[PDB]
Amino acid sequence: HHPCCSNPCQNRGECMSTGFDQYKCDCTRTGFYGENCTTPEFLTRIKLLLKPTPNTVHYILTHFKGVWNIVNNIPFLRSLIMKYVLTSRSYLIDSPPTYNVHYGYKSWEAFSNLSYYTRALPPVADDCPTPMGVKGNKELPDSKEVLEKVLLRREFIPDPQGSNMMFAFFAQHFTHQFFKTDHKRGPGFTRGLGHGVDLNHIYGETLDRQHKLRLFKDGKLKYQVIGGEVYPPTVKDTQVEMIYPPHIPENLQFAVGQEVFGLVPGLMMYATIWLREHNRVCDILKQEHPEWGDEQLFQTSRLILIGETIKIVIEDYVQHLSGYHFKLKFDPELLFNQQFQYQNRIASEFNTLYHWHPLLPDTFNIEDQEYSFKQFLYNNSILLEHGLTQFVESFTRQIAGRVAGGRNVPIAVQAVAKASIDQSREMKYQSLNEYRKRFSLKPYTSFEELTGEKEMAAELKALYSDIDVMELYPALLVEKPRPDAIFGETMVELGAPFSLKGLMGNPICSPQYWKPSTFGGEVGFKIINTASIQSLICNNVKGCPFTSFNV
């Protein structure tokens, strides 16, 4: 079997087999040397003694309101802090990308084939003695048992940060432009070849789909008016394929950019908001540019909406998640004096960690209805009976579930949580502790240390034996969360790098693009640079309801 199964190489050094039973580590630019890249260079030891731990930096950012209010208001100083956040996170990601499910060594196939999700760590080799490498038993614990003992929800657990349903559905809507697993092929594959924020969930992945949804007048997307209100067009009308079950009335089969968004009214809400937003921007642009044709109006709006999305994600969405008193900034300019790759590749592990189903409540509370999952799923008529305004008002009020901390995955979606484990396993994911090391974190030394608690840790011990064979997905959902927070440490420390690179790594953030001319002048550039979750809802939802990502 493979020499590198034990994952002997430390500190991001590369393991390469040298014989049938021997291996060599490659310690190039790791700042370490010796057989396993475990001995630090001199300047490395100074830099490690100094560099503070992530839980420390987190505390700092979530305390001392006073000091931050000073910082938040000195532009130079805020820019500098944001610049540190962006760069330190960034250089934790391989870019251009390296590994995938089929390639544990770098290769032209792995690089050039955009069908694969990339991989943060190589897969465990097809022939290691144990699933996780060398440690633990011949088989991993049964996945249903892992699910039931520590993932499934007993009483619903509210998010202490107060994330609402507006947040949850925004998260789902947003991430599903670049988490589009190609199930024909397998879990390691993707239909999202844009590999990032290209708004293909609004505009469509292929050109054939885009052209089927476009109106071809003033840049606008096709739509329909029902009860005086703007909604997406139908499958029948556009010829755009959508996943709907047979029993659905043809006029409630809305056709949007992403074929799965019919499944959930929460998604279809955002689909509609974003369709309205596009056409609003075409309207603004048609006024500033009477000379432009349909094509440029469409193209330009899309770039404006990309910018808006990135802005809202950073300054509202990520902001809300962070819990920081520091105010994050979307300013491409902060990277212009930096080594940064304006490219992205969606990593499988990023997809895994973003399975935030604990957010989902037991029932959906719109107006004074309470809808079971069975009631909610597919029922686009709920979105019409109540209308967008009541949706926004109710979803802003209803609280989401806590993700970390264990035992909060809704029973209605248990099959989904199971599949995340089973697919982790098919894709030969490395262990929790390997990922922690990969992103510069002390490996958990015991289950009690991981959960911060005795009861679930005991259950996990009798399922896994060794903390070092604990799997990544279940770990994320049971981890002791930061104090009064939604996530544990691993979730943030893996997630933030992928997230920021997904956002900042967009071509529109590049110097040659980040100019007002790209967005049709001062006006367009201004739309992007003052966008917010609130302005998005306000401009496009009748009555301009107040919204935020928290109750």
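Note that residue numbering begins at 1 and tracks the sequence as displayed. The term rigid core refers to the maximal set of C-alpha atoms that superpose within 1.5 Å between the two forms.
Superposing on the core and measuring CA offsets in 6 other deposited structures of this protein, the stretch of 85-93 and 317-325 with the greater mean deviation is 85-93. Here 310-318 and 389-397 are compared by their mean Cα B-factor, and 389-397 comes out higher.
According to the PDB record, 66-74 carries the higher mean C-alpha B-factor of the two stretches 66-74 and 522-530. Among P129, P265, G257, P158, the highest C-alpha B-factor recorded in the PDB entry belongs to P129. Between the residues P511, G505, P54, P497, it is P54 that shows the highest Cα B-factor in the PDB record. Annotation for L377: C-alpha temperature factor in the highest third relative to the rest of the modelled chain, per the entry. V403: CA B factor in the middle third of modelled residues in this chain (values from the PDB entry). Residue-level temperature factors show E426 in the middle third of its chain, judged at the C-alpha atom. Per-chain ranking of the deposited C-alpha B factor places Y116 in the lowest third. Residue-level temperature factors show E434 in the middle third of its chain, judged at the C-alpha atom.
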